[PDB]
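Source file data-v5.tsv; content: TSV, C-alpha atoms.
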chain	number	residue	atom	x	y	z
A	1088	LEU	CA	0.00	0.00	0.00
A	1089	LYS	CA	2.64	2.56	1.05
A	1090	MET	CA	6.43	2.53	0.69
A	1091	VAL	CA	8.81	5.12	2.14
A	1092	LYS	CA	12.55	5.53	1.63
A	1093	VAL	CA	14.75	7.43	4.10
A	1094	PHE	CA	18.23	8.52	3.01
A	1095	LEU	CA	20.98	8.61	5.64
A	1096	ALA	CA	24.38	10.30	5.46
A	1097	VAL	CA	27.22	9.17	7.74
A	1098	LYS	CA	30.73	10.66	7.77
A	1099	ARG	CA	33.17	7.77	8.11
A	1100	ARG	CA	36.22	8.74	10.16
A	1101	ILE	CA	39.66	7.09	10.09
A	1102	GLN	CA	40.47	4.62	12.87
A	1103	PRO	CA	42.97	1.85	13.65
A	1104	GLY	CA	42.05	-1.27	11.72
A	1105	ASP	CA	41.44	0.42	8.35
A	1106	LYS	CA	43.00	-0.91	5.15
A	1107	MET	CA	44.95	1.68	3.16
A	1108	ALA	CA	47.15	1.07	0.11
A	1109	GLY	CA	49.29	3.00	-2.35
A	1110	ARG	CA	49.66	3.22	-6.10
A	1111	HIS	CA	52.98	1.34	-6.36
A	1112	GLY	CA	51.47	-1.84	-4.90
A	1113	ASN	CA	51.96	-1.73	-1.11
A	1114	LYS	CA	48.72	-2.81	0.55
A	1115	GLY	CA	48.36	-2.91	4.31
A	1116	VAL	CA	46.39	-1.93	7.38
A	1117	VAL	CA	46.90	1.05	9.67
A	1118	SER	CA	48.34	0.53	13.14
A	1119	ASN	CA	47.95	3.49	15.52
A	1120	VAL	CA	47.10	7.19	15.68
A	1121	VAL	CA	50.12	8.87	17.29
A	1122	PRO	CA	49.95	12.54	18.41
A	1123	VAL	CA	51.91	15.08	16.38
A	1124	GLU	CA	54.37	15.80	19.22
A	1125	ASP	CA	55.61	12.17	19.17
A	1126	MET	CA	56.41	12.10	15.44
A	1127	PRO	CA	59.76	12.46	13.62
A	1128	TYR	CA	60.53	15.93	12.32
A	1129	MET	CA	63.08	17.51	10.00
A	1130	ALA	CA	65.47	20.39	10.70
A	1131	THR	CA	62.97	22.93	9.34
A	1132	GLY	CA	60.05	21.83	11.51
A	1133	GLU	CA	57.84	19.75	9.23
A	1134	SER	CA	56.44	16.70	11.02
A	1135	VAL	CA	56.22	13.42	9.11
A	1136	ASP	CA	52.64	12.16	8.91
A	1137	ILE	CA	53.05	8.59	7.60
B	11	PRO	CA	70.92	31.89	34.02
B	12	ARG	CA	69.62	34.75	31.87
B	13	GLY	CA	66.18	35.77	30.65
B	14	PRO	CA	65.32	34.89	27.05
B	15	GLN	CA	65.44	37.41	24.23
B	16	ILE	CA	63.32	37.30	21.06
B	17	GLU	CA	63.92	38.32	17.43
B	18	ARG	CA	61.01	39.28	15.16
B	19	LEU	CA	61.82	38.18	11.62
B	20	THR	CA	58.13	37.94	10.67
B	21	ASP	CA	55.00	39.04	12.53
B	22	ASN	CA	53.62	35.48	12.28
B	23	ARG	CA	56.84	33.60	13.16
B	24	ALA	CA	59.28	34.57	15.91
B	25	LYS	CA	62.27	32.92	17.58
B	26	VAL	CA	63.56	32.97	21.16
B	27	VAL	CA	67.18	32.77	22.32
B	28	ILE	CA	68.04	30.97	25.58
B	29	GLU	CA	71.59	31.21	26.94
B	30	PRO	CA	73.53	29.94	28.83
B	31	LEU	CA	72.86	26.32	29.83
B	32	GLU	CA	75.12	23.61	31.23
B	33	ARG	CA	76.02	20.34	29.51
B	34	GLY	CA	72.98	18.08	29.30
B	35	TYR	CA	70.25	20.72	29.67
B	36	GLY	CA	69.70	22.17	26.20
B	37	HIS	CA	68.54	19.07	24.30
B	38	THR	CA	66.11	17.87	26.98
B	39	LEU	CA	64.87	21.43	27.59
B	40	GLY	CA	64.16	22.02	23.90
B	41	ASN	CA	62.53	18.60	23.57
B	42	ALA	CA	60.30	19.19	26.62
B	43	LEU	CA	59.37	22.68	25.39
B	44	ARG	CA	58.51	21.32	21.93
B	45	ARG	CA	56.47	18.51	23.51
B	46	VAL	CA	54.49	20.90	25.73
B	47	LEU	CA	54.00	23.42	22.91
B	48	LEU	CA	52.74	20.72	20.51
B	49	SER	CA	50.80	18.70	23.10
B	50	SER	CA	48.29	21.06	24.75
B	51	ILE	CA	48.28	24.86	24.54
B	52	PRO	CA	44.91	26.55	25.22
B	53	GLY	CA	43.40	28.59	22.41
B	54	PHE	CA	40.14	29.49	20.65
B	55	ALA	CA	38.29	27.96	17.71
B	56	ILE	CA	34.85	27.73	16.13
B	57	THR	CA	31.93	25.74	17.56
B	58	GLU	CA	28.40	24.80	16.38
B	59	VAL	CA	27.03	27.36	13.90
B	60	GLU	CA	23.35	28.35	13.69
B	61	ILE	CA	22.60	29.23	10.06
B	62	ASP	CA	19.39	31.08	9.20
B	63	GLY	CA	18.21	29.88	5.80
B	64	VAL	CA	19.97	26.50	5.57
B	65	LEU	CA	18.35	23.41	7.08
B	66	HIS	CA	21.24	20.91	7.20
B	67	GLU	CA	24.75	20.63	5.77
B	68	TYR	CA	23.79	18.92	2.49
B	69	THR	CA	21.21	21.28	0.92
B	70	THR	CA	21.47	23.77	-1.97
B	71	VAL	CA	21.51	27.37	-0.72
B	72	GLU	CA	20.57	30.01	-3.29
B	73	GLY	CA	23.05	32.75	-4.17
B	74	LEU	CA	26.05	31.09	-2.51
B	75	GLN	CA	28.50	29.51	-4.94
B	76	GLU	CA	29.41	25.84	-5.39
B	77	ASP	CA	29.38	24.50	-1.81
B	78	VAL	CA	27.61	24.37	1.55
B	79	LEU	CA	29.71	22.23	3.90
B	80	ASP	CA	33.03	23.43	2.46
B	81	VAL	CA	32.13	26.92	3.73
B	82	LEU	CA	31.99	25.34	7.20
B	83	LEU	CA	35.30	23.60	6.48
B	84	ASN	CA	36.99	26.83	5.36
B	85	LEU	CA	35.53	28.74	8.33
B	86	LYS	CA	37.77	26.72	10.68
B	87	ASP	CA	40.92	28.47	9.42
B	88	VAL	CA	40.08	31.80	11.09
B	89	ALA	CA	41.95	33.04	14.16
B	90	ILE	CA	40.02	34.00	17.31
B	91	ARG	CA	41.63	35.97	20.14
B	92	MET	CA	39.55	36.80	23.21
B	93	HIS	CA	40.30	38.72	26.41
B	94	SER	CA	38.76	37.30	29.62
B	95	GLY	CA	36.06	35.24	27.92
B	96	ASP	CA	35.21	31.66	27.04
B	97	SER	CA	31.88	31.96	25.18
B	98	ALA	CA	30.95	34.55	22.56
B	99	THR	CA	28.41	34.65	19.72
B	100	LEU	CA	29.20	36.35	16.42
B	101	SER	CA	27.13	36.95	13.29
B	102	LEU	CA	27.92	38.28	9.82
B	103	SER	CA	25.72	39.91	7.19
B	104	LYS	CA	26.44	40.57	3.52
B	105	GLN	CA	24.20	41.25	0.52
B	106	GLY	CA	24.83	41.45	-3.21
B	107	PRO	CA	27.63	40.09	-5.38
B	108	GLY	CA	31.25	39.86	-4.33
B	109	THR	CA	33.37	37.65	-2.11
B	110	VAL	CA	32.88	37.13	1.63
B	111	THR	CA	35.99	37.72	3.74
B	112	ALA	CA	36.67	37.02	7.40
B	113	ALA	CA	36.94	40.74	8.24
B	114	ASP	CA	33.35	41.37	7.07
B	115	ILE	CA	31.87	39.84	10.24
B	116	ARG	CA	30.50	41.79	13.22
B	117	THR	CA	32.91	41.20	16.10
B	118	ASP	CA	32.79	42.16	19.77
B	119	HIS	CA	35.03	44.63	21.62
B	120	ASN	CA	37.37	41.96	23.02
B	121	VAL	CA	37.01	39.49	20.13
B	122	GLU	CA	39.54	40.40	17.42
B	123	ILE	CA	39.88	38.71	14.02
B	124	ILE	CA	43.45	38.05	12.88
B	125	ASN	CA	44.25	37.72	9.13
B	126	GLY	CA	40.73	38.70	8.11
B	127	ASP	CA	41.58	38.73	4.38
B	128	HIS	CA	41.02	34.96	4.16
B	129	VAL	CA	38.34	33.90	1.69
B	130	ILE	CA	35.22	32.08	2.93
B	131	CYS	CA	32.75	31.81	0.04
B	132	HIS	CA	31.40	33.74	-2.95
B	133	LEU	CA	27.98	35.32	-3.50
B	134	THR	CA	26.74	35.48	-7.10
B	135	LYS	CA	23.14	36.63	-6.51
B	136	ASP	CA	21.41	39.36	-4.52
B	137	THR	CA	20.69	37.40	-1.35
B	138	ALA	CA	21.21	37.65	2.41
B	139	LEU	CA	23.41	35.50	4.64
B	140	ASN	CA	23.34	35.31	8.45
B	141	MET	CA	25.48	32.64	10.14
B	142	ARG	CA	25.42	32.81	13.94
B	143	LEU	CA	28.46	30.97	15.30
B	144	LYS	CA	29.87	30.33	18.77
B	145	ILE	CA	33.44	30.32	20.11
B	146	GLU	CA	34.57	27.93	22.84
B	147	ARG	CA	37.98	27.26	24.39
B	148	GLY	CA	39.73	24.27	25.90
B	149	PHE	CA	42.84	22.10	25.63
B	150	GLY	CA	44.04	19.45	23.22
B	151	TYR	CA	41.65	18.49	20.44
B	152	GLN	CA	38.02	17.37	20.63
B	153	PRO	CA	35.97	15.93	17.74
B	154	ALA	CA	32.30	16.58	17.04
B	155	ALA	CA	30.96	13.32	18.50
B	156	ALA	CA	32.82	13.53	21.82
B	157	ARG	CA	31.47	16.97	22.76
B	158	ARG	CA	27.77	16.25	22.19
B	165	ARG	CA	18.06	19.12	19.98
B	166	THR	CA	17.45	21.92	17.48
B	167	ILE	CA	17.51	20.65	13.89
B	168	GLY	CA	18.67	24.06	12.63
B	169	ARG	CA	21.98	23.82	14.49
B	170	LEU	CA	24.87	21.94	12.87
B	171	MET	CA	27.85	20.45	14.69
B	172	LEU	CA	31.46	21.09	13.70
B	173	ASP	CA	34.79	19.70	14.86
B	174	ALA	CA	36.87	21.98	17.09
B	175	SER	CA	40.60	21.75	16.26
B	176	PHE	CA	42.39	24.66	17.93
B	177	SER	CA	46.16	24.98	17.62
B	178	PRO	CA	47.77	28.39	18.22
B	179	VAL	CA	51.13	27.04	16.98
B	180	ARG	CA	51.73	24.96	13.86
B	181	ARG	CA	55.35	23.75	14.02
B	182	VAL	CA	58.08	24.16	16.65
B	183	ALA	CA	61.72	23.46	15.79
B	184	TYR	CA	64.92	23.96	17.76
B	185	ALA	CA	68.66	23.46	17.34
B	186	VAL	CA	71.56	23.92	19.74
B	187	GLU	CA	74.87	25.65	19.03
B	188	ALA	CA	78.12	26.60	20.76
B	189	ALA	CA	78.25	29.77	22.85
B	190	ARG	CA	81.33	31.81	23.83
B	191	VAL	CA	82.04	32.37	27.54
B	192	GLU	CA	85.61	33.10	28.63
B	193	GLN	CA	85.67	31.45	32.08
B	194	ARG	CA	84.57	28.00	30.84
B	195	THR	CA	85.16	25.62	27.93
B	196	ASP	CA	81.76	25.22	26.24
B	197	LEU	CA	78.21	26.46	26.81
B	198	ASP	CA	75.04	25.20	25.12
B	199	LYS	CA	73.26	28.03	23.30
B	200	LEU	CA	69.98	27.19	21.58
B	201	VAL	CA	67.23	28.87	19.57
B	202	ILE	CA	63.62	27.77	19.17
B	203	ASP	CA	61.70	28.42	15.95
B	204	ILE	CA	58.02	29.06	16.75
B	205	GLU	CA	55.48	29.56	13.95
B	206	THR	CA	52.16	30.70	15.42
B	207	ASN	CA	48.89	31.11	13.53
B	208	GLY	CA	48.43	34.76	14.52
B	209	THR	CA	46.85	33.83	17.86
B	210	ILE	CA	49.41	34.29	20.65
B	211	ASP	CA	52.93	35.72	20.81
B	212	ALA	CA	55.88	33.33	20.86
B	213	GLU	CA	57.26	34.65	24.16
B	214	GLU	CA	53.86	34.34	25.84
B	215	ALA	CA	53.58	30.83	24.38
B	216	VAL	CA	56.98	29.99	25.92
B	217	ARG	CA	55.80	31.47	29.24
B	218	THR	CA	52.55	29.45	29.24
B	219	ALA	CA	54.41	26.27	28.25
B	220	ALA	CA	56.94	26.82	31.05
B	221	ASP	CA	54.11	27.43	33.53
B	222	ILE	CA	52.35	24.24	32.39
B	223	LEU	CA	55.57	22.24	32.76
B	224	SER	CA	56.27	23.83	36.16
B	225	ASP	CA	52.83	22.84	37.45
B	226	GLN	CA	53.36	19.38	35.92
B	227	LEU	CA	56.73	18.98	37.69
B	228	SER	CA	55.11	19.70	41.09
B	229	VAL	CA	54.06	16.07	41.63
B	230	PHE	CA	57.35	15.16	43.38
B	231	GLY	CA	58.18	18.23	45.47
Please express what this file holds, its structure, as C-alpha coordinates.
Amino acid sequence: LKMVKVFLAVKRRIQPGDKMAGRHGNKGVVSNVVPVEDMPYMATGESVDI
Amino acid sequence: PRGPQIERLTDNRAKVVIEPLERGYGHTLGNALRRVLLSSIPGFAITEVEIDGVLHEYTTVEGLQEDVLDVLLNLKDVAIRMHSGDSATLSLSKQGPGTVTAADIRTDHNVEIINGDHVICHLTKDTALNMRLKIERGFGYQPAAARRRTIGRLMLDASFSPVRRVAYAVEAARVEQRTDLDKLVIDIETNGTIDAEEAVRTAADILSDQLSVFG
(Lines of atoms letter the chains of each structure in order from A and count residues from 1; the text may use other names and numbers.)
(Lines give C-alpha, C1' and ligand atoms only; values in the text may rest on other atoms or scores of the structure.)
Protein backbone atom coordinates (compact mmCIF):
# COMPACT_ATOMS: atom_id res chain seq x y z
CA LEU A 1 0.00 0.00 0.00
CA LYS A 2 2.64 2.56 1.05
CA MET A 3 6.43 2.53 0.69
CA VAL A 4 8.81 5.12 2.14
CA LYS A 5 12.55 5.53 1.63
CA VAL A 6 14.75 7.43 4.10
CA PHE A 7 18.23 8.52 3.01
CA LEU A 8 20.98 8.61 5.64
CA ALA A 9 24.38 10.30 5.46
CA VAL A 10 27.22 9.17 7.74
CA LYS A 11 30.73 10.66 7.77
CA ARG A 12 33.17 7.77 8.11
CA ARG A 13 36.22 8.74 10.16
CA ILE A 14 39.66 7.09 10.09
CA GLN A 15 40.47 4.62 12.87
CA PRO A 16 42.97 1.85 13.65
CA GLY A 17 42.05 -1.27 11.72
CA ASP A 18 41.44 0.42 8.35
CA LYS A 19 43.00 -0.91 5.15
CA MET A 20 44.95 1.68 3.16
CA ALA A 21 47.15 1.07 0.11
CA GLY A 22 49.29 3.00 -2.35
CA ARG A 23 49.66 3.22 -6.10
CA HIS A 24 52.98 1.34 -6.36
CA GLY A 25 51.47 -1.84 -4.90
CA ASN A 26 51.96 -1.73 -1.11
CA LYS A 27 48.72 -2.81 0.55
CA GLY A 28 48.36 -2.91 4.31
CA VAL A 29 46.39 -1.93 7.38
CA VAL A 30 46.90 1.05 9.67
CA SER A 31 48.34 0.53 13.14
CA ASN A 32 47.95 3.49 15.52
CA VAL A 33 47.10 7.19 15.68
CA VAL A 34 50.12 8.87 17.29
CA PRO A 35 49.95 12.54 18.41
CA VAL A 36 51.91 15.08 16.38
CA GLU A 37 54.37 15.80 19.22
CA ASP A 38 55.61 12.17 19.17
CA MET A 39 56.41 12.10 15.44
CA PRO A 40 59.76 12.46 13.62
CA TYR A 41 60.53 15.93 12.32
CA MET A 42 63.08 17.51 10.00
CA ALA A 43 65.47 20.39 10.70
CA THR A 44 62.97 22.93 9.34
CA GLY A 45 60.05 21.83 11.51
CA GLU A 46 57.84 19.75 9.23
CA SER A 47 56.44 16.70 11.02
CA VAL A 48 56.22 13.42 9.11
CA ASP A 49 52.64 12.16 8.91
CA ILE A 50 53.05 8.59 7.60
CA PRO B 1 70.92 31.89 34.02
CA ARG B 2 69.62 34.75 31.87
CA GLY B 3 66.18 35.77 30.65
CA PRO B 4 65.32 34.89 27.05
CA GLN B 5 65.44 37.41 24.23
CA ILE B 6 63.32 37.30 21.06
CA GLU B 7 63.92 38.32 17.43
CA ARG B 8 61.01 39.28 15.16
CA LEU B 9 61.82 38.18 11.62
CA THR B 10 58.13 37.94 10.67
CA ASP B 11 55.00 39.04 12.53
CA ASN B 12 53.62 35.48 12.28
CA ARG B 13 56.84 33.60 13.16
CA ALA B 14 59.28 34.57 15.91
CA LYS B 15 62.27 32.92 17.58
CA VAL B 16 63.56 32.97 21.16
CA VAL B 17 67.18 32.77 22.32
CA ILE B 18 68.04 30.97 25.58
CA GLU B 19 71.59 31.21 26.94
CA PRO B 20 73.53 29.94 28.83
CA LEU B 21 72.86 26.32 29.83
CA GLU B 22 75.12 23.61 31.23
CA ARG B 23 76.02 20.34 29.51
CA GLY B 24 72.98 18.08 29.30
CA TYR B 25 70.25 20.72 29.67
CA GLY B 26 69.70 22.17 26.20
CA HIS B 27 68.54 19.07 24.30
CA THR B 28 66.11 17.87 26.98
CA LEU B 29 64.87 21.43 27.59
CA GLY B 30 64.16 22.02 23.90
CA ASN B 31 62.53 18.60 23.57
CA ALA B 32 60.30 19.19 26.62
CA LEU B 33 59.37 22.68 25.39
CA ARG B 34 58.51 21.32 21.93
CA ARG B 35 56.47 18.51 23.51
CA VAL B 36 54.49 20.90 25.73
CA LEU B 37 54.00 23.42 22.91
CA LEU B 38 52.74 20.72 20.51
CA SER B 39 50.80 18.70 23.10
CA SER B 40 48.29 21.06 24.75
CA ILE B 41 48.28 24.86 24.54
CA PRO B 42 44.91 26.55 25.22
CA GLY B 43 43.40 28.59 22.41
CA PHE B 44 40.14 29.49 20.65
CA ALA B 45 38.29 27.96 17.71
CA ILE B 46 34.85 27.73 16.13
CA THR B 47 31.93 25.74 17.56
CA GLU B 48 28.40 24.80 16.38
CA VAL B 49 27.03 27.36 13.90
CA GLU B 50 23.35 28.35 13.69
CA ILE B 51 22.60 29.23 10.06
CA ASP B 52 19.39 31.08 9.20
CA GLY B 53 18.21 29.88 5.80
CA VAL B 54 19.97 26.50 5.57
CA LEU B 55 18.35 23.41 7.08
CA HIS B 56 21.24 20.91 7.20
CA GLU B 57 24.75 20.63 5.77
CA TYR B 58 23.79 18.92 2.49
CA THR B 59 21.21 21.28 0.92
CA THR B 60 21.47 23.77 -1.97
CA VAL B 61 21.51 27.37 -0.72
CA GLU B 62 20.57 30.01 -3.29
CA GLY B 63 23.05 32.75 -4.17
CA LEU B 64 26.05 31.09 -2.51
CA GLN B 65 28.50 29.51 -4.94
CA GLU B 66 29.41 25.84 -5.39
CA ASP B 67 29.38 24.50 -1.81
CA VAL B 68 27.61 24.37 1.55
CA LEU B 69 29.71 22.23 3.90
CA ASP B 70 33.03 23.43 2.46
CA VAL B 71 32.13 26.92 3.73
CA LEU B 72 31.99 25.34 7.20
CA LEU B 73 35.30 23.60 6.48
CA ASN B 74 36.99 26.83 5.36
CA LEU B 75 35.53 28.74 8.33
CA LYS B 76 37.77 26.72 10.68
CA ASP B 77 40.92 28.47 9.42
CA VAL B 78 40.08 31.80 11.09
CA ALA B 79 41.95 33.04 14.16
CA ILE B 80 40.02 34.00 17.31
CA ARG B 81 41.63 35.97 20.14
CA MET B 82 39.55 36.80 23.21
CA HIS B 83 40.30 38.72 26.41
CA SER B 84 38.76 37.30 29.62
CA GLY B 85 36.06 35.24 27.92
CA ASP B 86 35.21 31.66 27.04
CA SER B 87 31.88 31.96 25.18
CA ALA B 88 30.95 34.55 22.56
CA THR B 89 28.41 34.65 19.72
CA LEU B 90 29.20 36.35 16.42
CA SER B 91 27.13 36.95 13.29
CA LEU B 92 27.92 38.28 9.82
CA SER B 93 25.72 39.91 7.19
CA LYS B 94 26.44 40.57 3.52
CA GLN B 95 24.20 41.25 0.52
CA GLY B 96 24.83 41.45 -3.21
CA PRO B 97 27.63 40.09 -5.38
CA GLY B 98 31.25 39.86 -4.33
CA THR B 99 33.37 37.65 -2.11
CA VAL B 100 32.88 37.13 1.63
CA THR B 101 35.99 37.72 3.74
CA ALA B 102 36.67 37.02 7.40
CA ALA B 103 36.94 40.74 8.24
CA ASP B 104 33.35 41.37 7.07
CA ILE B 105 31.87 39.84 10.24
CA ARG B 106 30.50 41.79 13.22
CA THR B 107 32.91 41.20 16.10
CA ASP B 108 32.79 42.16 19.77
CA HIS B 109 35.03 44.63 21.62
CA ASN B 110 37.37 41.96 23.02
CA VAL B 111 37.01 39.49 20.13
CA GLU B 112 39.54 40.40 17.42
CA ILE B 113 39.88 38.71 14.02
CA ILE B 114 43.45 38.05 12.88
CA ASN B 115 44.25 37.72 9.13
CA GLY B 116 40.73 38.70 8.11
CA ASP B 117 41.58 38.73 4.38
CA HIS B 118 41.02 34.96 4.16
CA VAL B 119 38.34 33.90 1.69
CA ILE B 120 35.22 32.08 2.93
CA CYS B 121 32.75 31.81 0.04
CA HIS B 122 31.40 33.74 -2.95
CA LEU B 123 27.98 35.32 -3.50
CA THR B 124 26.74 35.48 -7.10
CA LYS B 125 23.14 36.63 -6.51
CA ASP B 126 21.41 39.36 -4.52
CA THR B 127 20.69 37.40 -1.35
CA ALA B 128 21.21 37.65 2.41
CA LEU B 129 23.41 35.50 4.64
CA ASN B 130 23.34 35.31 8.45
CA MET B 131 25.48 32.64 10.14
CA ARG B 132 25.42 32.81 13.94
CA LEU B 133 28.46 30.97 15.30
CA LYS B 134 29.87 30.33 18.77
CA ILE B 135 33.44 30.32 20.11
CA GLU B 136 34.57 27.93 22.84
CA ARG B 137 37.98 27.26 24.39
CA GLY B 138 39.73 24.27 25.90
CA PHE B 139 42.84 22.10 25.63
CA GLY B 140 44.04 19.45 23.22
CA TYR B 141 41.65 18.49 20.44
CA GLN B 142 38.02 17.37 20.63
CA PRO B 143 35.97 15.93 17.74
CA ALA B 144 32.30 16.58 17.04
CA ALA B 145 30.96 13.32 18.50
CA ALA B 146 32.82 13.53 21.82
CA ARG B 147 31.47 16.97 22.76
CA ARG B 148 27.77 16.25 22.19
CA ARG B 149 18.06 19.12 19.98
CA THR B 150 17.45 21.92 17.48
CA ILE B 151 17.51 20.65 13.89
CA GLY B 152 18.67 24.06 12.63
CA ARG B 153 21.98 23.82 14.49
CA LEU B 154 24.87 21.94 12.87
CA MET B 155 27.85 20.45 14.69
CA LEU B 156 31.46 21.09 13.70
CA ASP B 157 34.79 19.70 14.86
CA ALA B 158 36.87 21.98 17.09
CA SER B 159 40.60 21.75 16.26
CA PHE B 160 42.39 24.66 17.93
CA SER B 161 46.16 24.98 17.62
CA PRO B 162 47.77 28.39 18.22
CA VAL B 163 51.13 27.04 16.98
CA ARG B 164 51.73 24.96 13.86
CA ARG B 165 55.35 23.75 14.02
CA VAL B 166 58.08 24.16 16.65
CA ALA B 167 61.72 23.46 15.79
CA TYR B 168 64.92 23.96 17.76
CA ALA B 169 68.66 23.46 17.34
CA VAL B 170 71.56 23.92 19.74
CA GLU B 171 74.87 25.65 19.03
CA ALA B 172 78.12 26.60 20.76
CA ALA B 173 78.25 29.77 22.85
CA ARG B 174 81.33 31.81 23.83
CA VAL B 175 82.04 32.37 27.54
CA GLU B 176 85.61 33.10 28.63
CA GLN B 177 85.67 31.45 32.08
CA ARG B 178 84.57 28.00 30.84
CA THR B 179 85.16 25.62 27.93
CA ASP B 180 81.76 25.22 26.24
CA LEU B 181 78.21 26.46 26.81
CA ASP B 182 75.04 25.20 25.12
CA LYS B 183 73.26 28.03 23.30
CA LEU B 184 69.98 27.19 21.58
CA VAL B 185 67.23 28.87 19.57
CA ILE B 186 63.62 27.77 19.17
CA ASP B 187 61.70 28.42 15.95
CA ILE B 188 58.02 29.06 16.75
CA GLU B 189 55.48 29.56 13.95
CA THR B 190 52.16 30.70 15.42
CA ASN B 191 48.89 31.11 13.53
CA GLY B 192 48.43 34.76 14.52
CA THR B 193 46.85 33.83 17.86
CA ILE B 194 49.41 34.29 20.65
CA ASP B 195 52.93 35.72 20.81
CA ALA B 196 55.88 33.33 20.86
CA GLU B 197 57.26 34.65 24.16
CA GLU B 198 53.86 34.34 25.84
CA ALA B 199 53.58 30.83 24.38
CA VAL B 200 56.98 29.99 25.92
CA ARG B 201 55.80 31.47 29.24
CA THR B 202 52.55 29.45 29.24
CA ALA B 203 54.41 26.27 28.25
CA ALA B 204 56.94 26.82 31.05
CA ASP B 205 54.11 27.43 33.53
CA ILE B 206 52.35 24.24 32.39
CA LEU B 207 55.57 22.24 32.76
CA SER B 208 56.27 23.83 36.16
CA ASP B 209 52.83 22.84 37.45
CA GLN B 210 53.36 19.38 35.92
CA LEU B 211 56.73 18.98 37.69
CA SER B 212 55.11 19.70 41.09
CA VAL B 213 54.06 16.07 41.63
CA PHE B 214 57.35 15.16 43.38
CA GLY B 215 58.18 18.23 45.47
Residue list for chain B near chain A as number ranges by chain, 10 Å, only C-alpha atoms: B: 41, 44-50, 68, 180-185, 203-205
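Across the structure, CA of residue 88 (chain B) and CA of residue 1127 (chain A) are spaced 27.7 Å apart.
Interatomic distance, CA of residue 169 (chain B) to CA of residue 106 (chain B): 25.1 Å.
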Residue contacts of residue 1105 (chain A) (12 Å, only C-alpha atoms) excluding same-chain residues fewer than 6 positions away, as number ranges by chain: A: 1099, 1114-1120
Residue contacts of region 25-29 of chain B (6 Å, all atoms listed in the file) excluding same-chain residues fewer than 2 positions away, as a list in words: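 These residues fall inside the cut-off: residues 14, 15, 16, 17, 31, 199, 200, 201, 202, 203 and 204 of chain B.
Interatomic distance, CA of residue 34 (chain B) to CA of residue 193 (chain B): 18.6 Å.
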I need the residue nearest residue 133 (chain B) from this list: B:216, B:74, B:197, B:229. Use all atoms listed in the file for the distance.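 Closest to residue 133 (chain B), using all atoms listed in the file: B:74.
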Option closest in space to residue 121 (chain B), from B:55, B:81, B:155, B:64 [counting all atoms listed in the file]: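 With all atoms listed in the file as the atom set, the closest residue is B:55.
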